[PDB]
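Below: the structure, in C-alpha cells.
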There are 4 protein chains.
Amino acid sequence: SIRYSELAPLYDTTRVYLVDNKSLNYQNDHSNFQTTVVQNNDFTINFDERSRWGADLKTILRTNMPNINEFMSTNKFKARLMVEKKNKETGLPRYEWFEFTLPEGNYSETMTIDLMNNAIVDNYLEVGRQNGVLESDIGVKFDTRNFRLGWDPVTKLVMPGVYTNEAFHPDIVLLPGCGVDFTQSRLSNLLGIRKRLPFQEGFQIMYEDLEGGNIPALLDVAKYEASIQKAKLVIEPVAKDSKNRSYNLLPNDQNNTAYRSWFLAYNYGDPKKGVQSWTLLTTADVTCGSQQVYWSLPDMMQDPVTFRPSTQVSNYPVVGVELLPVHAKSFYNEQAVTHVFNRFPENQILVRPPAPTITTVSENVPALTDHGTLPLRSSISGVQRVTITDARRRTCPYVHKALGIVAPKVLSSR
Amino acid sequence: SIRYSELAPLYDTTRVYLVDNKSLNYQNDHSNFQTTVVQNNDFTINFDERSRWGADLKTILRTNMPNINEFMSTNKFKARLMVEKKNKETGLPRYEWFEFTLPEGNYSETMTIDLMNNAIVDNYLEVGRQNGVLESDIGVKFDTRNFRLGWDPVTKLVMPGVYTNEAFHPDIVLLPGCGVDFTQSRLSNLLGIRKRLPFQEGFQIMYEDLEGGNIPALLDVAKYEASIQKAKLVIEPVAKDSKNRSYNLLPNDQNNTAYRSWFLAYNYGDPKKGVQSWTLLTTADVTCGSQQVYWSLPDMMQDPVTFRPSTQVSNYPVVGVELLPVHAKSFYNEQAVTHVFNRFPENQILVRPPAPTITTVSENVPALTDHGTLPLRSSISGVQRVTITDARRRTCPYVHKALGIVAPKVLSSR
Amino acid sequence: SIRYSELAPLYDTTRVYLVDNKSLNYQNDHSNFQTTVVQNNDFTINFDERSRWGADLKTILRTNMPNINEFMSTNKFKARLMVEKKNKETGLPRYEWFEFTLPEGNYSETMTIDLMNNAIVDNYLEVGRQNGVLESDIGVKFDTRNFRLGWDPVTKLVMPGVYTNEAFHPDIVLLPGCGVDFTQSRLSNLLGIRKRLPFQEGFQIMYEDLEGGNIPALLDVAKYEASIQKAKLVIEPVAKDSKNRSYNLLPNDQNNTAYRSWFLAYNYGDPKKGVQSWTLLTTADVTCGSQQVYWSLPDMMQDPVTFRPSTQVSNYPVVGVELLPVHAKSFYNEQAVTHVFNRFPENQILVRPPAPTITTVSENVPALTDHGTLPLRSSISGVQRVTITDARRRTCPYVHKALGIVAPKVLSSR
Amino acid sequence: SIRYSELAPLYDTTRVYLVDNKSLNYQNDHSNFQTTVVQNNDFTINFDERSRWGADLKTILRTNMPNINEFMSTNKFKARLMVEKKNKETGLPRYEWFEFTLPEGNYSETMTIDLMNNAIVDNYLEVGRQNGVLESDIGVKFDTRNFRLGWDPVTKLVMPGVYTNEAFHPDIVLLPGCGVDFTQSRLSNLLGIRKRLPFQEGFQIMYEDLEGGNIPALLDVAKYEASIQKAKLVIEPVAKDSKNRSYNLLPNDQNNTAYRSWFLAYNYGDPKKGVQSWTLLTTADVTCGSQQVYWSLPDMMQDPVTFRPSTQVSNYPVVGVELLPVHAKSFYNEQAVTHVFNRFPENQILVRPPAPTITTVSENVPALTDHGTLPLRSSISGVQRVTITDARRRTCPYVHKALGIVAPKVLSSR
C-alpha cells in the first residue's frame with residue numbers, strides 16, 4: 001500500500017518520474033546533468049513496509065558528445081619528432097617528445113587523421129623548421145595507404161611511378177629515431193591500432209619495432225619509360241622529386257627507403273617477430289571505442305550487492321550500466337570520386353592520405369534502454385539526484401538530457 | 001537473503017556488474033579481453049542457500065574485427081597456377097599449388113576481389129613470369145561479370161565488341177589445368193560460392209568441373225563494322241587484342257575460348273550435370289558469413305546441462321551464445337558513375353572486374369543482447385573471469401569491450 | 001531436477017545449445033543446413049518427470065539467398081511472343097508460348113527488369129529473327145514509364161517529341177497477340193503487379209485486357225517545330241524513327257499506336273472495366289515478397305496442437321515460424337544523374353527503361369528472433385536435428401547458419 | 001489439458017499457426033488477404049474447460065502499398081481553377097471546382113508535387129486553354145520555395161533577379177479567385193499543411209485567406225545592373241518575362257504581385273490573423289501520415305470488452321492494432337547537384353519547384369509485432385479467418401502476406 005501521507009493511498013504498483021526539465025532554481029551550479037531533481041511535481045513518499053519494494057527502471061539517455069573531446073583524453077597523443085638537426089655538441093640530430101592537441105568537434109574519420117598529420121606539422125613549423133629540419137624529416141606522419149603493391153620482386157621497387165591511392169587501413173609512417181605514444185591518451189582505437197594485451201600501460205610504436213617494414217622506393221618512370229626509347233633498362237629509384245626532398249632512402253640498399261611504416265610491418269613483415277604479436281588491426285572505430293555510463297541513484301535504489309553508501313561525486317551506488325549512446329554510422333565517401341591539409345603536393349609519401357571508401361562518423365541515438373527490477377530504499381524522499389558517471393568515476397559533462405521512469409512493485413514480504 | 005558478510009544483507013533481488021575497465025594490475029598479460037575482472041568495486045559474496053539462485057545475464061559486446069583477419073582463417077586461399085611453361089622434361093606446362101595471403105583490414109567487397117586477382121598476379125611476377133608464362137596464362141583470376149550476354153546464337157560470338165561491364169555476381173575464371181582451393185580457408189562466402197553439402201571437407205573448383213561453361217570469344221567489330229563498308233560478313237573472333245595476348249581460344253572451335261568461368265557454368269551450363277548440384281550462389285556475404293561467440297563465466301554461472309567443469313582456455317562452461325556483432329551494411333556504389341589493380345587495361349578478360357552496384361562492407365554494432373535466467377553458483381567469489389570464445393574454442397582476440405550485468409533472483413527453494 | 005546420468009543433477013532451469021558448426025563427421029551429405037547436430041559437446045538427457053517441461057527457444061537465422069533463385073520459382077516466367085511472321089498456311093503471324101529463364105544472383109531492381117527485356121530479346125534473336133520478325137514486333141517488353149504525359153487532349157498525341165524518362169512504376173508493354181504468364185512462377189511481386197483475388201491460379205496479362213490502354217504515338221517535332229517556320233500546323237504522328245521501325249500504330253486512328261501497356265490501362269483506362277478489378281499496384285517489392293521459414297525440431301519439442309509425428313523431409317512438427325530474414329533496403333539511385341541492355345537506342349518505346357529513382361535490393365539480416373515457451377519431449381536425446389523448411393515443405397538450401405539456444409524450465413506438475 | 005480428439009492430449013501450453021500460404025481451393029475469390037485459413041495442417045480443437053484459456057498473438061504483417069492509392073482516398077484533391085476567361089454574360093472570369101486524379105505508384109516526394117502541378121496543367125490544356133486562359137492564369141500551382149528572401153525592405157522587391165531555388169517547405173500558390181480543397185481526400189499530409197483543429201470537416205485554402213502573403217515581384221536586373229552603366233537607379237519590377245506572361249502584378253502597387261502563396265502567408269504574414277491559427281507546418285510526411293490496421297480473428301479470440309459478435313466484412317471483433325507497416329525513409333537527394341514537368345522554363349513562378357534536399361519515400365518493413373495475452377474462444381474450430389481492416393472498416397486490399405502465431409496458455413480456473 002504505497003502512501004504519500006494525506007493524499008489517499010494508491011495501493012499496489014504505481015510509477016514515479018525522475019524527470020529533468022523540471023524547480024530549476026535550487027539545482028543551478030550543482031548541475032551539468034548529474035542533476036538533483038524533484039518528485040511531487042505539484043505546486044516523503046513513504047512506501048509500504050512489510051514488502052521489500054522493488055522497482056523497474058526504464059530510462060532515456062539522449063547524450064551529446066563529439067568524438068574528439070578533452071574530457072575523456074582523446075584529443076592528445078604524445079608524439080616524438082626530430083627537433084634539432086645537427087646540433088653543435090655531438091654532430092647528430094636530437095629528438096624530444098612533444099605533446100600534441102587537436103581541436104575538438106565531432107569529426108569524421110578521414111579528417112581526424114587528416115588533422116593529425118597537420119598537428120605534427122605545426123610543431124614542425126613552430127619549433128623545428130627554424131633550426132635545421134629540412135621538411136623531408138617531418139618524422140611521424142599518419143597515413144592510410146599500403147605503399148608496397150606495384151612491387152614486382154624482380155627489381156623490388158614500386159613500378160607504377162607513384163604509390164597507390166586506394167586507402168586500406170590507416171597506419172603510421174616513421175623515420176630513423178621517431179615514434180608515437182598513445183598511453184595517457186586514446187587516439188588509437190580511432191586509428192585502429194589497439195594492442196594485444198590491451199592492459200599493461202605503455203604503447204609506443206617507435207622506429208625500433210617498425211623496421212622490417214620499410215616502404216619501398218618508387219621507380220623513376222621518367223627513365224624506365226625513357227630508356228626503352230634508347231632501346232626500342234635503368235631501374236633507378238627516385239630520391240629528388242619536384243621540390244627536392246630526399247625520401248630518406250637508406251644508403252646501403254637504394255632499392256628501399258626509410259619511413260618504415262606500421263602497415264607493411266604488420267603484413268609484409270614477420271609474424272611472432274615484427275610488429276605482430278602485440279598489435280592487432282581492428283576497424284577504424286571512431287566512437288572512441290566505447291565507454292560505460294554508470295547510472296546512479298544514491299537514494300530510491302538501495303545499493304548493489306557490495307557498494308559503499310558514500311557521499312561524493314564518485315562512489316555513488318551504481319544502478320544500471322548502459323552504453324555511451326554513440327552509434328558510429330558509416331557513409332559511402334564521395335570525395336574518392338591549394339589546400340591546407342595536403343601541404344606537400346609532390347612528395348609521394350607526405351601527400352594527403354587519400355580518404356577511405358567508407359567514411360565513418362559518430363552519432364547520438366537516444367538509448368531508451370531498460371534495467372531489470374532492483375530493490376528500493378522503501379522510503380523515497382521528495383528530492384532525488386540522478387547522476388551519470390563514466391568509467392573513471394567523473395560525472396559525464398556531455399549528457400544532454402536524462403529521465404528515468406521508475407515503476408515500483410512488490411518483490412516479497414516482510 | 002543475499003549477503004556480503006558484515007555489510008548488511010540487502011535481501012532479495014540485487015545486481016552485480018562484471019565490468020571490464022576496472023584493478024588493471026593483476027590481469028595484464030592474462031588479458032586480451034577474456035579478462036579476469038573483479039566485483040566489490042570499493043577500495044566472497046555468499047548467496048543465500050535454501051534457494052537455487054538464478055540470474056539474468058544481460059551484456060554488451062562491442063566487438064572490433066576486420067572482415068579479413070588471419071585469426072579466423074580468412075586471408076588465405078590455396079590457388080593452383082601455371083608455374084612453368086614448357087619445362088625441359090615432358091614438353092608440357094607444370095602446375096603447382098600455391099598458398100596465397102592478402103593484407104588484413106576491414107575491406108569492402110569490390111576491393112577484396114580486386115585484391116584477390118592482385119595476389120595471384122604477384123605470384124605470377126614473382127615465380128612465374130621469369131620462367132615462361134606469357135601473361136596471358138595467369139590462370140585463376142577472380143572476376144564478377146557474366147561474359148555471355150551479347151551472344152546471338154546465330155554466330156555464337158559476343159557481338160558488342162567487348163564483354164559487358166554490368167557486374168552481376170562474382171565468379172572464378174580458370175584456364176586449362178588450374179583451379180582454386182578454399183578448404184583450410186574461408187574466402188568463399190565473401191565470394192558467395194558456398195557449396196551444397198557444406199560439410200564434407202574439400203572445395204576445389206578446378207577446371208574439370210567448369211567446362212561446359214567456357215566464356216565466348218569476342219567478335220572483331222573492327223571487321224564486322226568494317227566488312228559492311230566492303231558490302232554497302234566476316235564474323236572472325238579475336239585472339240590478338242592490343243598488347244597481343246591470345247585469349248587461349250581452343251583450336252577445334254574458334255567461336256569459343258578457354259577461361260571457362262564458374263558463372264555461365266552455373267547458368268548457361270547443365271543442371272544436375274555441370275557445376276550445379278554442389279555449388280549454390282548466395283549473396284556476396286562479406287561478414288565472413290558469421291560466427292558464434294560462446295560467452296563463458298566459469299564461476300557465478302553453474303554450467304549448462306552437460307559441460308565439463310574444466311580449466312583451460314577452452315572447455316569453459318559456455319553460457320549465452322550471441323552472434324559475432326558484425327552487421328554487414330550495403331551502400332550504393334558510386335564509382336560505377338594508370339592503376340595497380342587494373343594492371344592489363346586492354347585484355348577484355350583480365351581487365352579490372354567492374355564493381356557491383358551495391359558495395360557491401362562489414363561494421364560493428366554493439367549488440368546489447370540478453371540471455372534468459374540461468375542458475376548461479378550460489379557462492380560467487382570476489383573475482384570472476386568473463387571470456388569470449390569463438391567456434392574452435394579459442395578466445396577471440398578482437399573483442400574490444402565486454403560487460404555483463406547480472407541480476408540475481410530466486411528460482412526455487414531448497 | 002534435470003539430470004544427465006552420473007554428472008550431478010543441475011536441478012531447475014538450465015540451457016542447451018543446438019549449435020551447428022560442431023562432429024561434422026556423421027552429418028556430411030545429410031546436411032545442407034537441415035543438419036543433425038549433437039549436444040553433450042564434451043569429447044540421453046533425461047529431464048525430470050513430474051513436470052511438463054517447457055522450453056524457451058531463441059534462435060539465430062543468418063540466411064543467405066539471392067532474390068533470383070531457381071529454388072523458389074523466381075527466375076522463370078512463361079511469356080508469349082510472335083514466333084513466325086506470315087507463315088505459309090494462313091497468311092497470319094503465329095504465336096507460341098515460350099518459357100524463359102534469367103541468370104541467378106542477388107539482383108537490384110532496375111537490373112532485373114533490365115534483364116527481363118533482354119531474355120525476351122534472346123528468344124527473338126534465337127528463334128524468331130531468322131524467320132520473319134522485323135525487330136519492331138518483339139512482343140512483350142517490360143518497361144517502367146508512363147507514356148501518356150505530354151498528351152494534350154486537343155491533338156491526343158505526345159507533344160515533347162519523345163516519351164518522358166521519369167520512371168514511375170514498372171509495367172508491361174504488349175502487342176496485338178502477345179502476353180505473359182506468371183503462374184508456375186513468381187516474378188510478379190518483383191514487378192509489383194500482384195493480382196486481386198491473389199489465389200485462384202492463373203495470371204495472364206495478355207493483350208485482350210490491356211486494350212483501352214494503348215500508349216499514344218509521338219508527335220513529329222521535326223514538323224511541328226518545322227511547319228511554324230513555314231508559318232511564322234502538321235501534327236503528324238511518327239511511324240518511322242531512325243533505323244526505321246514502325247511503332248505498330250493501328251491504322252484506323254493514327255493518333256494512337258499499339259504496344260498497349262499495362263500501366264495507362266490501370267490509370268487512363270476504365271475502373272471496374274479495364275485492367276482494374278483484378279490487378280493492384282503494390283510497391284516494386286524485390287524480396288520475392290516474403291516466405292515463411294518453418295523451423296522444426298522433430299525431437300526435444302513435443303509437437304504443435306495437431307501435427308503428424310512423422311518421418312520425412314516434410315511433415316516435421318513445425319515449431320516457431322520466423323520470416324525469411326531478407327530485409328529489402330532502398331538506396332537513392334545515382335545513374336539518373338554501346339550497351340547490351342539498351343539494344344535499340346532510337347526506338348522510343350524499346351529503349352532501355354530508365355531506372356526508378358529509388359533502387360531497391362535484397363539483403364540478409366541475421367534475425368535473432370524468439371519464440372514463446374513451448375513443451376519439451378521430456379527426454380531429449382543426445383542427438384537432435386534442426387531443420388529449416390519453406391512453405392512447400394522443402395528444406396531451404398540457402399540458410400547459411402542456424403543455432404537455437406533452448407532454455408528449459410517448468411510449466412506445471414505431474 | 002488441450003485436446004484434439006484421438007490424437008493424444010498434449011496438455012499445457014502449445015502453439016497454433018494461423019498460416020496463410022496453405023488449401024488454396026476453398027478460399028479463392030473470398031480472399032484478397034482477409035483470408036479464411038485452416039489449422040490441422042495434416043492431409044475441432046476443443047480446448048480444456050475449467051480454465052479461461054488465454055493466448056499470446058504474435059504476427060507478421062508484410063504489407064505492400066504505394067503512397068498514392070485510390071483505396072484510401074489519396075490520389076484525388078478537389079482544386080478550383082479559372083475555367084473561362086471573359087465569358088459573354090458578366091464580363092468577368094468564371095471559376096468552377098474541378099476534381100483531379102493523379103496516377104498511382106509509390107511515388108517519392110519531389111515527384112508527387114511535381115505531378116500535382118502537372119495534373120492542374122492538363123485540366124488547363126483540356127478544358128481551359130481552348131477558351132481564353134492565357135497560360136499565365138493557371139491558378140493553383142503547388143510549389144516548394146520561399147519567394148521572399150532577397151527582399152531588401154528599402155525597395156520591397158526581390159533583388160537577385162530570380163527567386164531562390166533552395167526549396168524549403170512545399171506550399172500552394174494561388175491567384176485572384178482560386179483555391180484548393182483537401183477534404184474528401186488526403187493529399188495534405190503529403191504536402192504537410194495539416195490543419196489545426198484537424199477534425200471539423202472542411203479544408204479549403206482559397207485566395208481569401210492567403211492574402212497578406214503575396215509573393216513579391218522580381219526586380220529587372222536588366223535595368224538595375226544596366227542603369228548604373230548610365231550612372232557610373234530604375235528599380236522597375238518585371239511583368240513580361242521571355243515568352244511574355246504577366247505575373248499578375250496587382251496594379252495599385254507594382255512592387256508586389258498576385259500568386260499569393262501559402263508560405264510567406266504563414267511566415268511573413270500575421271499571427272492570429274493570417275493563415276496562422278488553423279494551419280500548421282508539419283514535415284513533408286509522404287506515408288499518408290499513417291493508418292491503423294485493425295487485426296481481427298472473429299473466432300479463436302473471444303472479443304474486446306464491448307464488441308458486437310456480428311457477421312460482416314466490418315464489425316469484426318478487433319484484436320490487436322498494429323500500425324500500417326510503412327516506414328518513410330529519407331535519402332539525400334542528388335539532383336540538386338525539354339522536360340514535361342517543367343513545362344514553362346522561363347516563368348520564374350511557374351518553373352519546376354526545385355526538389356527538397358531530403359527526398360523522402362515510403363517503404364514496407366515487415367512489422368513482426370506483438371500483442372499481449374488475450375482470451376480464447378475455448379473451442380477453436382478447424383477453420384479460422386484472419387482479416388486486416390483499416391479505419392473505415394474495409395478489408396485492406398494491399399496486405400501481401402499475414403501470419404499469426406498463437407501461443408495458448410492458462411490465465412485462470414473455472
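If you're wondering about the labels, chains in the C-alpha cells are A, B, ... by order shown, residues count from 1 in each chain, ligands from 1 in order shown.
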Long-range neighbours of region 293-309 of chain D as a ChimeraX atom specification, 9 Å cut-off, only C-alpha atoms, 3 positions minimum in chain: /D:54-55,315-325,374-381,383-391,393,396
Would you mind listing, as a PyMOL selection string, all residues of chain C that have at least one atom within 8 Å of chain B, where only C-alpha atoms are what counts? chain C and resi 2-4+7+10+12-16+21-22+24-25+27-33+40-42+60+62+64-66+103-107+122+125-126+331-335+338-340+365+397-398+400-401+405+407
Would you kindly return, as a ChimeraX atom specification, each protein, DNA or RNA residue with an atom no farther than 12 Å from any atom of residue 134 (chain C), considering only C-alpha atoms and excluding same-chain residues fewer than 6 positions away? /C:82-86,124-125,128,243-248
Write the residues of the preceding selection, restricted to N, CA, C and O atoms, as a PDB file, in the first residue's frame.
```pdb
ATOM      1  N   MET C  82       5.730 -13.434 -80.613  1.00  0.00           N
ATOM      2  CA  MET C  82       5.460 -13.665 -82.028  1.00  0.00           C
ATOM      3  C   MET C  82       6.597 -14.477 -82.634  1.00  0.00           C
ATOM      4  O   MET C  82       7.673 -13.941 -82.913  1.00  0.00           O
ATOM      5  N   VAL C  83       6.358 -15.770 -82.846  1.00  0.00           N
ATOM      6  CA  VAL C  83       7.418 -16.669 -83.292  1.00  0.00           C
ATOM      7  C   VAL C  83       7.632 -16.562 -84.795  1.00  0.00           C
ATOM      8  O   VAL C  83       8.759 -16.377 -85.262  1.00  0.00           O
ATOM      9  N   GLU C  84       6.562 -16.683 -85.574  1.00  0.00           N
ATOM     10  CA  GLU C  84       6.650 -16.740 -87.025  1.00  0.00           C
ATOM     11  C   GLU C  84       5.811 -15.624 -87.625  1.00  0.00           C
ATOM     12  O   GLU C  84       4.652 -15.444 -87.243  1.00  0.00           O
ATOM     13  N   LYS C  85       6.390 -14.885 -88.564  1.00  0.00           N
ATOM     14  CA  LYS C  85       5.686 -13.816 -89.260  1.00  0.00           C
ATOM     15  C   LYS C  85       5.280 -14.299 -90.644  1.00  0.00           C
ATOM     16  O   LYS C  85       6.142 -14.629 -91.465  1.00  0.00           O
ATOM     17  N   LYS C  86       3.973 -14.322 -90.902  1.00  0.00           N
ATOM     18  CA  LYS C  86       3.425 -14.692 -92.203  1.00  0.00           C
ATOM     19  C   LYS C  86       3.906 -16.087 -92.612  1.00  0.00           C
ATOM     20  O   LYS C  86       4.705 -16.263 -93.533  1.00  0.00           O
ATOM     21  N   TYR C 124      14.158 -13.746 -79.284  1.00  0.00           N
ATOM     22  CA  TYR C 124      13.904 -13.112 -80.565  1.00  0.00           C
ATOM     23  C   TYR C 124      15.063 -13.282 -81.532  1.00  0.00           C
ATOM     24  O   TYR C 124      14.841 -13.507 -82.722  1.00  0.00           O
ATOM     25  N   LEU C 125      16.299 -13.172 -81.045  1.00  0.00           N
ATOM     26  CA  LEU C 125      17.455 -13.416 -81.897  1.00  0.00           C
ATOM     27  C   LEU C 125      17.632 -14.897 -82.183  1.00  0.00           C
ATOM     28  O   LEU C 125      18.085 -15.268 -83.269  1.00  0.00           O
ATOM     29  N   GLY C 128      13.316 -16.657 -84.110  1.00  0.00           N
ATOM     30  CA  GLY C 128      12.409 -15.575 -84.420  1.00  0.00           C
ATOM     31  C   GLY C 128      12.953 -14.626 -85.462  1.00  0.00           C
ATOM     32  O   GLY C 128      12.337 -14.437 -86.513  1.00  0.00           O
ATOM     33  N   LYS C 243      16.644   4.236 -87.971  1.00  0.00           N
ATOM     34  CA  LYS C 243      16.553   2.783 -88.064  1.00  0.00           C
ATOM     35  C   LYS C 243      15.075   2.425 -88.119  1.00  0.00           C
ATOM     36  O   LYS C 243      14.483   2.041 -87.105  1.00  0.00           O
ATOM     37  N   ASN C 244      14.476   2.569 -89.301  1.00  0.00           N
ATOM     38  CA  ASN C 244      13.029   2.535 -89.475  1.00  0.00           C
ATOM     39  C   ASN C 244      12.362   1.310 -88.861  1.00  0.00           C
ATOM     40  O   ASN C 244      12.496   0.187 -89.357  1.00  0.00           O
ATOM     41  N   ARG C 245      11.646   1.533 -87.764  1.00  0.00           N
ATOM     42  CA  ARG C 245      10.795   0.531 -87.138  1.00  0.00           C
ATOM     43  C   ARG C 245       9.437   1.167 -86.894  1.00  0.00           C
ATOM     44  O   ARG C 245       9.329   2.114 -86.107  1.00  0.00           O
ATOM     45  N   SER C 246       8.410   0.661 -87.566  1.00  0.00           N
ATOM     46  CA  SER C 246       7.070   1.192 -87.367  1.00  0.00           C
ATOM     47  C   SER C 246       6.598   0.888 -85.953  1.00  0.00           C
ATOM     48  O   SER C 246       6.676  -0.256 -85.497  1.00  0.00           O
ATOM     49  N   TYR C 247       6.103   1.908 -85.257  1.00  0.00           N
ATOM     50  CA  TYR C 247       5.620   1.705 -83.891  1.00  0.00           C
ATOM     51  C   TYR C 247       4.381   0.862 -83.829  1.00  0.00           C
ATOM     52  O   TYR C 247       3.770   0.838 -82.760  1.00  0.00           O
ATOM     53  N   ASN C 248       3.988   0.194 -84.910  1.00  0.00           N
ATOM     54  CA  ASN C 248       2.748  -0.574 -84.950  1.00  0.00           C
ATOM     55  C   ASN C 248       1.557   0.302 -84.582  1.00  0.00           C
ATOM     56  O   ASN C 248       0.696  -0.084 -83.791  1.00  0.00           O
TER      57      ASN C 248
END
```
I'd like the contact shell of residue 239 (chain A) - 12 Å cut-off, only C-alpha atoms, skipping same-chain residues fewer than 6 positions apart - returned as a list in words. residues 136, 216, 217, 218, 219, 220, 245, 246, 247, 248, 249, 250, 251, 254, 255, 256, 257, 258, 347, 348 and 349 of chain A
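Near residue 235 (chain B), within 9 Å and counting only C-alpha atoms, sit residues 155, 157, 219, 220, 221, 223 and 224 of chain B, not including residues fewer than 3 positions from it in the same chain.
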Going by DSSP on the backbone, which bits of region 139-273 of chain D are strand (DSSP E)? Write them as a ChimeraX atom specification, please. /D:240-241,245-246
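CA of residue 1 (chain B) is found 9.4 Å from CA of residue 51 (chain B).
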Atom pair CA of residue 274 (chain C) + CA of residue 213 (chain C), distance 8.3 Å
Might you pull out every residue within 6 Å of region 70-75 of chain D, with only C-alpha atoms counted and same-chain residues fewer than 4 positions away left off, and present them as a PyMOL selection string? chain D and resi 101-102+185-187
Based on the backbone DSSP call, show me all residues of region 49-249 of chain B assigned helix (DSSP H, G or I), as a CSV table (one decimal) with C-alpha atoms, in the first residue's frame.
```
chain,number,residue,atom,x,y,z
B,109,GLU,CA,33.5,-6.0,-51.4
B,110,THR,CA,34.8,-4.8,-54.7
B,111,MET,CA,38.2,-4.4,-53.2
B,112,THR,CA,38.7,-7.9,-51.7
B,113,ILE,CA,38.1,-9.4,-55.1
B,114,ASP,CA,40.1,-6.6,-56.6
B,115,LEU,CA,42.8,-7.7,-54.2
B,116,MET,CA,42.5,-11.4,-54.9
B,117,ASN,CA,43.3,-11.1,-58.6
B,118,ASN,CA,46.3,-9.0,-57.5
B,119,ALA,CA,47.7,-11.6,-55.1
B,120,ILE,CA,47.6,-14.2,-57.9
B,121,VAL,CA,49.3,-11.7,-60.0
B,122,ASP,CA,52.3,-11.2,-57.7
B,123,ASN,CA,52.9,-15.0,-57.7
B,124,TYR,CA,52.9,-14.5,-61.4
B,125,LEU,CA,55.5,-11.7,-61.4
B,221,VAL,CA,33.9,-5.3,-84.6
B,222,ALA,CA,36.8,-3.9,-86.5
B,223,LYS,CA,35.8,-6.2,-89.3
B,224,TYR,CA,32.0,-6.8,-88.9
B,225,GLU,CA,31.6,-3.0,-88.9
B,226,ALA,CA,34.3,-2.8,-91.5
B,227,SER,CA,33.2,-5.5,-93.9
B,228,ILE,CA,29.8,-3.8,-94.4
B,229,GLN,CA,31.9,-1.0,-95.8
B,230,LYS,CA,33.0,-3.5,-98.4
B,231,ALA,CA,29.4,-4.6,-98.8
```
